[PDB]
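Notes follow once the structure below has been shown.
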Amino acid sequence: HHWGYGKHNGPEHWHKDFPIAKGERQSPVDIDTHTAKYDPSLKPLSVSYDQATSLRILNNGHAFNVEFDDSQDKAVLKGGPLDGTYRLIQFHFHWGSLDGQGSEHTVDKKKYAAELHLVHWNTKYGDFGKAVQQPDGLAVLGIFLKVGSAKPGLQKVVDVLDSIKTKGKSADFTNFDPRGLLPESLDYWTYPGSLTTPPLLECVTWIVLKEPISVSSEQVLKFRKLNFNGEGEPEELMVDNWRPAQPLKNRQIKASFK
Ligand SMILES: [Zn+2]
């Protein structure tokens with residue numbers, strides 16, 4: 001497959017190789033704050049990252065993934081809309097060429113400059129590959145980024161990017177604490193959806209935090225020096241690696257907060 005975010009292989013083309021692109025539970029979506037309803041059935045959300053073990057950072061040609069040891073329950077998400085335990089496998093971001101776009105979810109049609117996705121898989125299915133085949137297989141914690149003050153906890157990521165400029169490059173990335181990327185409040189919206197990149201599988205419980213984090217212009221400008229291309233190939237800046245909002249269809253977005 002040769003999908004991407006270019007002039008000829010972008011999101012509008014994905015359906016040809018991945019027909020589920022036009023499915024009933026595709027992500028991302030626009031979150032209409034005046035239709036989303038507070039849900040008192042939601043249990044407390046628990047983000048348990050104290051024992052997180054990051055390992056490596058990889059430029060995969062469509063974003064970079066910070067990868068974790070998910071061989072045991074070291075960093076998990078539980079509670080909220082979730083039943084059981086979801087293990088952190090990786091995080092990554094989506095960002096724009098300019099600050100006025102970049103996020104995948106939108107809030108009353110507002111686009112943020114970027115969006116962070118912490119991806120977790122349901123341990124009841126044993127491994128990630130099995131989990132993506134199930135409607136309750138993944139939980140993705142989505143966090144909006146706006147440009148303002150620097151995010152201190154992000155700078156260790158920013159500073160390694162020069163070492164993974166091109167597709168296929170990776171670097172050791174141990175001892176990174178994902179708690180440093182959270183906002184103050186864990187208020188969220190939740191709905192059932194999908195992966196936002198091919199294969200677009202409809203396996204995700206989305207938990208999208210209401211409070212954005214702030215990063216500095218200098219930090220985002222470093223993300224925009226990454227490359228989609230491999231070493232020595234014509235330079236294609238890694239920008240605008242976001243899928244636009246997809247139809248909500250029958251779905252309901254629930255708020256954790258009154
Ligand atoms: Zn993502």
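Every read-out reported here was derived from the displayed coordinates using simple, explicitly stated rules and does not represent laboratory data. Here Cβ is always computed from backbone atoms with ideal geometry, including for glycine, and neighbour counts include all displayed protein chains.
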message = Just to be sure I understand, how many residues within the stretch 167-196 are small (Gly, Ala, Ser), assigned to a loop (DSSP other than H, G, I, E, B) and within 16 Å of the ligand (Cβ to nearest atom)?
response = 1
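What are the residues in the stretch 197-223 that are aliphatic (A, V, I, L, M), more than 16 Å from the ligand (Cβ to nearest atom) and part of a strand (DSSP E or B), if any?
Restricting attention to the stretch 197-223, the residues satisfying the condition of being aliphatic (A, V, I, L, M) are 200-201, 204, 207-209, 213, 215, 220-221.
With the extra rule that they be more than 16 Å from the ligand (Cβ to nearest atom), the set shrinks to 215, 220-221.
Hit for the stretch 197-223 is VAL215, nothing else.
Restricting the stretch 4-53 to residues that are of a type in the set (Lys, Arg) and over 21 Å from the mean Cα position of the chain (by Cα), which is surrounded by the fewest Cβ atoms within 10 Å (Cβ to Cβ)?
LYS7
Taking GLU115, is it within 20 Å of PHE176 (Cβ to Cβ), among the acidic types (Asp, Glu) and either buried (at least 21 other Cβ atoms within 10 Å of the Cβ) or free of Cβ contacts under 8 Å to residues at least 60 places away in the same chain (or both)? Before you say what the answer is, go through the steps one by one.
On the way: within 20 Å of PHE176 (Cβ to Cβ): yes; among the acidic types (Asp, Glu): yes; either buried (at least 21 other Cβ atoms within 10 Å of the Cβ) or free of Cβ contacts under 8 Å to residues at least 60 places away in the same chain (or both): yes.
The answer is yes for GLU115.
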query = How many of the residues making up the stretch 120-130 are within 19 Å of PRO178 (Cβ to Cβ) and either surrounded by fewer than 21 Cβ atoms within 10 Å (Cβ to Cβ) or hydroxyl-bearing (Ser, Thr, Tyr) (or both)?
reply = 2
